[PDB]
Every structure is written in C-alpha cells, then in structure tokens.
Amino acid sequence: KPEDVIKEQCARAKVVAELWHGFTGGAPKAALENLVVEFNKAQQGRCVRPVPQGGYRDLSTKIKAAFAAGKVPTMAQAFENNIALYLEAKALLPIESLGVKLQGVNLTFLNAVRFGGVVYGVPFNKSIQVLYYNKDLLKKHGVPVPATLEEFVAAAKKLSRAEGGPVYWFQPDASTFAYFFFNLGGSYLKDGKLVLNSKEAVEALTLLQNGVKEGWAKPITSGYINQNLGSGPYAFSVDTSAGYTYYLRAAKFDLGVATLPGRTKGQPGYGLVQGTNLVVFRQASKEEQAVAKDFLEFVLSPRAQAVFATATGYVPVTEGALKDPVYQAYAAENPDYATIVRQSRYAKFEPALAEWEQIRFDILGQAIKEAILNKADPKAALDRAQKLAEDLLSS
C-alpha cells in the first residue's frame, strides 16, 4: 500500500514537504502516490508527504483555514482561480524563483498560471473534456460518431427514439454548461465584466433543458456519470479525460473516446480544461522549498508525465512526455491517448477570479440545477445568477 511506504519514508526524514491534494481514490490517487514513492526513494533524509483533504472543494476550504491557522503545506493542487485568491494573501512563491525549468511545458497550461507575467503554478494533472461514447450502441443503429453540434443533437434524438430513453447523459453543472456555452460562441468576460446571463448562456442552458423535455438528454443527479452506467441506454457524455479509467472500469459495453463536436467540421469543439496545478507556499522553509523544486522537476520529467498521463487520462503537460518511449508504446496500442492530446489543442478556461470557485458551484451551478431539475426558465435562472454574482463581486 503506497501511502504506507510513504509513511515509512517520511518517518526517517529530517525534512518533509506536505502536498495537499483532492484525489479521493482510483487511478489518480494511485498514480500520484506511486510518483511520490519513486521520488522519495531517490532522496536522503527528505520526502514529499501527500495529504488527501477530500475533494477539490474540501482542499480549498482546508487551505483557507490553514492560512488562518498560520500552518500551510509546502505544496498544494490549485485551480487558476484559487491561485488568483492565494495571490491576494501574497502566499505563493514564484516558480522560476525556485529555479524550475519550464521549457517544453504546453503554453496553453503555462499561460493559464501566469499572473502579471509571473508563473505561480506548475501544470501537473490537467484534463480536457472529451466525448465518451458507447461504440456498441452507435454501431447498433448505424450512427457515426458526431463531429458537429448539429450532428450530436440529431444522433442523440435518433438513438433515444430507437432505445426508448435519453442517451445523452450529463451532470447539470457549470462544467457541462461550459461545453455548450463555449461552442455556441459565449464568453464569460465582456469588457472585463463577468456575465452569466448573455444570450449564448441562455441559448446553452435552453438546449440542455430542451434535451430533457424532448427525451434525448438525461440528467445524472446522484454520483458521477460513470457511477450510473448499466441502468438505461447510454450513447454519449461530455466529461473530463481524468474520468477515463473510471468509465473503463464501469462500462459493460465497448467504450469510445472522440474529440468534441464543434460548430463545423473544420475544428473540434472547445473542451473545458480542469484538473490542477501545483503551487509552493512562501511560508515553507528553504529546505522544504528545495524538496518542492526537485519534486516539481521530477513530475515535469518526460517519464513521470508519460506514466501519470497513461495511467489516468490526464493530458501530458510537456512536449517531452509525447516523445518518451513508455508514452509511445501505450499510444501505439491505445488510440484514446492521441485523441485526448488532440482535444487538448482546443481548450478553454473559466475565469481566474478569486471568487470563481464560490460562483461556479453556489451561483451558476445552482441556476443550471433550477433550470434542469425544477424547470426554471433559463433566462430567469441566469438573471438571478448574474445578480447574486454582481452582489458577491461588489462585496
């Protein structure tokens, strides 16, 4: 049990760099822990100690309480918006001040961690939405993998009519809304103001609500989509690439991965980037900062990125990982790894505002739930969302 190996390693260690994370289980936790085990074996009297804090929400709550207690870890996972918050407390060390080489890091990921031209996180476990599908059910009715939004809606209506149930499955959440929002032309910032109730937002939440009404879209309200498979016919979902191993373990059908449906066949749809960067806290000792620096270079190494990404479905964050021969041997046998990397080229982010975490869940996520689960009018729901977000941003 890797966490027991680590406990051993950290008992013999004079310097311990804690890494707080939001991995609850599955291949993400196993892959992170095996990376830490390998790192700690190459050290003398130093170690990284991974500390699970629950999910990502629990992680941000515990880090906020750790600032209030004056007792922060050396390292933590953080979304771009949590970085924006931690920078208000001036709590983060610039990554290049530690001497970490960032050559070859995907500019899409590195751009997203740059604040005032300064890098404040290391892209580590970065995910892109993909189209998951049931290869067996598409073949069953002679439906091609949809390459456009128009094709995707047609195929969902057609398969749902043949199978007697809604076959496009979705969580009624900010993450899923962002796929429809972005690919119908929407943008959250207008002249620097945050806007949740633009016509593209209404149009996106309307298309989901219409899907449920019309019997082709199924809201999943208890657990992840991959925890609901096996009850009812499933054709498609739009979901994190980091769900890959979870879909594989649950599916009693032949699982497919495709690039997202776009406006036209000229380009795949944009996917929402999720997963986290590693930050290093100023309050960490020099010695703890030197462990973090060596661990961040480890995790950016082509071999660590190849193993991590092929174990999980996360996007390798470096050009070097794609040339690593362990990556190439898995990719030669499994085209899904190339599909995920191809989708990572068509990538959008939610806004990196200090307050975004609270807005995405308690305000925008609530509006999407009211519209889908209580049939609130999309516009009235999003107009409330806007007002709640302006009041929060004002305060």
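For every residue, the number given is its place in the sequence shown, counted from 1.
Higher mean CA temperature factor, per the PDB entry, when comparing 338-346 with 324-332: 324-332. For the segment pair 29-37 and 66-74, the entry gives 66-74 the higher mean B-factor, averaged over Cα atoms.
The residue among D239, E203, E288, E80 whose C-alpha carries the highest B-factor in the deposited model is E288. When the C-alpha B factors of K126, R303, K135, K252 are read from the deposited coordinates, the top value falls at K252. Ranked by Cα temperature factor within the chain, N106 sits in the middle third according to the deposited record. The entry lists a Cα temperature factor for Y270 that places it in the lowest third of the chain's modelled residues. The entry lists a Cα temperature factor for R46 that places it in the highest third of the chain's modelled residues. In this PDB entry, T276 carries a Cα temperature factor that places it within the lowest third of its chain's modelled residues. Per-chain ranking of the deposited C-alpha B factor places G117 in the highest third.
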